[PDB]
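Working notes, structure below.
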Amino acid sequence: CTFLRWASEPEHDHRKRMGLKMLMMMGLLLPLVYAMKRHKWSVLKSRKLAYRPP
Amino acid sequence: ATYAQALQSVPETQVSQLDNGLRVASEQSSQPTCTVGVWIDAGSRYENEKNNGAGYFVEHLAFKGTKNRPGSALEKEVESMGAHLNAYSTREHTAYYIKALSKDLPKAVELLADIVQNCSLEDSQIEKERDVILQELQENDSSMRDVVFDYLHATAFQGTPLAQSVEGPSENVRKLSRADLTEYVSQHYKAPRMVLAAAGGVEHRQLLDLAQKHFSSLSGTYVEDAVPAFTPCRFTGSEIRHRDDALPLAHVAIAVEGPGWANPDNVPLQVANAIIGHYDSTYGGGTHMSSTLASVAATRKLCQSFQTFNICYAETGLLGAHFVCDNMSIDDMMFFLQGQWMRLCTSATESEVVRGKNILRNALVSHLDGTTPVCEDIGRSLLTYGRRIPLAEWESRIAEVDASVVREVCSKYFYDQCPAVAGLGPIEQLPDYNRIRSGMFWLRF
């Protein structure tokens, strides 16, 4: 059964290796890209508005 | 007689110092007129939130009543000999100078002593003067250039005494009573922080004994212990946008933190600020003026008038440009003006550096003609630099600066520094603050 699983999936080892690499890579990437987004958008999210009609 | 020979002549600015601390400085010359004034360190920088605007009120009431002079009698005496008495109160200093003939010097010093010292500060005059300040507040609100600079000061030095307007918010002027003003006069109109200046047909010895015989009563005491202290201010890169589409034109002033009053980097910066230059629609140079931004603006009729300012206080100053243009030019200039800075930041050549040096030399020499500009220079320089810098020293500093100095100074001041933009009018095409900040750096350099 294990032989057949390898046979129909002759990338299992390398697929899980890529899974590990992608998981850690984007566990790094998501916080940093999100931090960049909040850094750039922070001007909008702190706009104190005002209204002074005559 | 070449420039250097004429520069040395430069009648000196002998500086004395009374025992009270009043540093009496004069500048003898040959004209039969003179300018004598007292430059006091008192402005919106020292005012607090509760009494913001007391300096303007005291300036208003200074000429009204001075006890010994009953009132309009002061005006009668001033106009008797043709003297023109004037006062200007900026954010830091405040001066009351008499523009009069040389012979009337003994009386002029006495009149200045009467104003700065014995001021009646009558309550009825306070009530009458209260309306005038409020009216002047509305006139300033109509002043479409003054309000943008006030906005720049508010947004840049936010939370600091510097952001406080000189006139004061239109709430303190409706509550400032005699007690607040008298405290302001007592705590700020002190002899050590005063310079008695006079330029023209003024004998330094004569000014000295006139001050001794008149300004002796001034003391350096500070009541029990209360001593006002200069509080350093912080430059906060921000943006304020008062979009009023009904206004015909759009004012935008963009500035970054620059140098202080006493800092050598001031000299190169003005040179750079000379390279960008200034332009108004009624110039005539048009598409030929050497300033790249000015030529670009004139070619497409981009703006109506752009100027570069070098507002410089004690510990920090504002360095940048204020431009007035229609609604659909704010973006373009914001791309061009910044780019000009970037070019001056990135690659400056000795040719335009020499041009800026000549422009700065001409500005310094031409600004210093007539008695009142010389008197103002003495009064401001003694308070700011601690001495009047002679024009020869200015020549030396301007000769020292070259393209490398300008590039490094602009890089240290302009490159990748958050600006303090402030707009007024139909400001809609004005790029978002992140666009302006991104323009502060060049992805090629």
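Bear in mind these aren't lab numbers, they're just calculated from the coordinates by the rules spelled out. For neighbour counting, all protein chains shown are included, and Cβ atoms are generated from backbone atoms with ideal geometry for every residue, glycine included.
Which length gain, in nm to one decimal place, applies between B:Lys103 and B:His367 when the Cα-Cα distance is subtracted from 0.36 nm times their residue separation?
This chain segment gains 92.5 nm when fully extended.
So, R0 is 60 Å and r is the distance between the beta-carbons of B:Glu408 and A:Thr2; what FRET efficiency does that work out to, to 0.05?
Result of the calculation: an efficiency of 0.30.
Over the Cα atoms of region B:149-272, Rg to Rh with Kirkwood Rh, two decimal places?
Using only Cα positions, Rg/Rh for region B:149-272 is 1.06.
Hey, what number do you get for chain B at 222 nm if only DSSP H runs of n ≥ 4 count, each worth -39500 (n - 2.57), divided across all residues, to the nearest 500? Mind showing how you got there, number by number?
Details: 16 runs with 186 residues, N = 445.
The per-residue figure over chain B is -13000 deg cm²/dmol.
Can you tell me the alpha carbon radius of gyration of region B:337-437 divided by the globular rule-of-thumb value 2.2 N^0.38 Å?
1.40
Does region B:224-370 classify as rounded, prolate or oblate by the C-alpha gyration tensor (a ≥ b ≥ c root eigenvalues; a/c under 1.5 gives rounded; else a/b over b/c gives prolate, otherwise oblate)?
Verdict is oblate for region B:224-370.
Taking every Cα atom in region B:91-169, find the radius of gyration and the maximum pairwise distance Dmax, and write them in Å.
Spelled out, the Cα radius of gyration and Dmax of region B:91-169 are 17.1, 49 Å.
Please identify, among B:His322, B:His93, B:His214, the residue showing maximal mean-square fluctuation in a Gaussian network model of chain B using a 10 angstrom Cα cutoff.
Evaluated over chain B, the most mobile residue of the options is B:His214.
What list of ³J(HN,Hα) values in whole Hz, one per residue of region B:159-176 in order, does the Karplus curve 6.51 cos²θ - 1.76 cosθ + 1.60 (θ = phi - 60°) give from phi, with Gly and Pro shown as x?
Running phi through 6.51 cos²θ - 1.76 cosθ + 1.60 with θ = phi - 60° gives x, 10, x, 5, 4, 4, 6, 5, 5, x, x, 7, 10, 5, 5, 8, 10, 5 Hz.
For B:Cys418, B:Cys325, what's the fewest-to-most ordering of other Cβ within 10 Å of each Cβ? List each step's numbers first, then the result.
Details: B:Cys418 16, B:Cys325 24.
The most exposed by this proxy come first: B:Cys418, B:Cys325.
Using the charge dipole of chain A (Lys, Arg: +1 at Cβ; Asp, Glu: -1 at Cβ; taken about the Cα centre), state which of A:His39, A:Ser8, A:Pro54 has its Cα farthest towards the positive end.
A:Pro54
From the phi of every residue in region B:393-410, what ³J(HN,Hα) in whole Hz does the Karplus formula 6.51 cos²θ - 1.76 cosθ + 1.60 yield, where θ is phi - 60° and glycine or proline is x?
Whole-Hz 3J(HN,Hα) from phi for region B:393-410: 5, 4, 4, 4, 5, 5, 5, 5, 6, 9, 5, 5, 5, 4, 4, 5, 5, 5.
Within region B:169-213, which residues have the backbone N less than 19 Å from the label spot 7 Å out from B:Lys50 along Cα→beta-carbon, could you tell me?
Under cut-off, by backbone N: B:169-189.
Where the Cα atoms of chain A are projected onto their three principal axes, how long is each span, largest first, in whole Å?
Computed over the Cα atoms, the extents are 83, 17, 11 Å.
Please list, short to long, the whole-number percent of alpha-carbon pairs of region B:113-215 in consecutive 10 angstrom bins beginning at zero.
11, 29, 30, 23, 6
Can you check what the Kirkwood hydrodynamic radius comes to for region B:1-80, Cα pairs only, in Å to one decimal?
Here the Kirkwood hydrodynamic radius works out to 16.9 Å.
Using the basic label-point model (7 angstrom from Cα toward the beta carbon), what is the B:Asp19 to A:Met24 distance in nanometres?
Calculated label separation equals 8.2 nm.
Averaged across the residues of A:47-53, what count of C-beta atoms belonging to other chains lies within 10 Å of each residue's C-beta? Present the calculation step by step, with values, prior to reporting the outcome.
Working: counts 3, 1, 1, 2, 0, 2, 0.
Mean shielding by partner chains, rounded to a whole number: 1.
Would you kindly derive the ³J(HN,Hα) couplings of region B:58-69 from the backbone phi angles with the Karplus curve 6.51 cos²θ - 1.76 cosθ + 1.60 (θ = phi - 60°), listing them in order in whole Hz, with x for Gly and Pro?
5, 4, 4, 8, 5, 7, 6, x, 9, 6, 3, 7
May I ask you to sort A:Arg47, B:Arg407, B:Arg145 by Cβ crowding, counting other Cβ atoms within 10 Å and putting the fewest first? All intermediate terms of the calculation are to be shown ahead of the outcome.
Details: A:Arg47 9, B:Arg407 20, B:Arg145 15.
Fewest-to-most Cβ neighbours within 10 Å comes out as A:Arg47, B:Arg145, B:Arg407.
Using the eigenvalues of the Cα gyration tensor, what equivalent ellipsoid semi-axes result for region B:165-218 when each is taken as the square root of five times the eigenvalue, whole Å, largest first?
33, 14, 8
Once the other residues with Cβ under 11 Å from the Cβ of B:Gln187 are scored (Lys, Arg +1; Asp, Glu -1), what is the net sum?
-1
When only alpha-carbon atoms count, how far does chain B stretch along each of its three principal axes, as whole angstroms with the largest first?
Between the extreme Cα coordinates on each principal axis of chain B lie 67, 57, 43 Å.
What Kirkwood Rh does the protein assembly as shown have if only Cα atoms enter the pairwise 1/r average? Answer in Å. Before the final figure, lay out each step's value.
On the way: mean 1/r = 0.0386 Å⁻¹.
Taking every pair of different Cα atoms in the protein assembly as shown, averaging 1/r and inverting gives 25.9 Å.
Among B:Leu137, B:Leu319, B:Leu269, determine the one that fluctuates most according to a GNM of chain B built with springs between C-alpha atoms less than 10 Å apart.
B:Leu137
Could you tell me the calculated FRET efficiency between A:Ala35 and B:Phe230, based on Cβ-Cβ distance and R0 = 41 angstrom, to the nearest 0.05?
0.60
Quick one: putting +1 on the C-beta of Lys and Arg, -1 on the C-beta of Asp and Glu, what dipole do you get for chain B around its Cα centre, in Debye to the nearest 20?
That gives a dipole near 640 debye.
What's the tally of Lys pairs in chain B whose alpha-carbon atoms lie under 14 angstrom apart, where the two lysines are 8 or more places apart or on different chains?
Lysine pairs satisfying the spacing and distance rule in chain B number 7.
What Kirkwood hydrodynamic radius do you get for region B:268-316 when you take the inverse of the mean 1/r over all pairs of distinct Cα atoms, in Å?
Numbers: mean 1/r = 0.0860 Å⁻¹.
Hydrodynamic radius (Kirkwood, Cα only) of region B:268-316 equals 11.6 Å.
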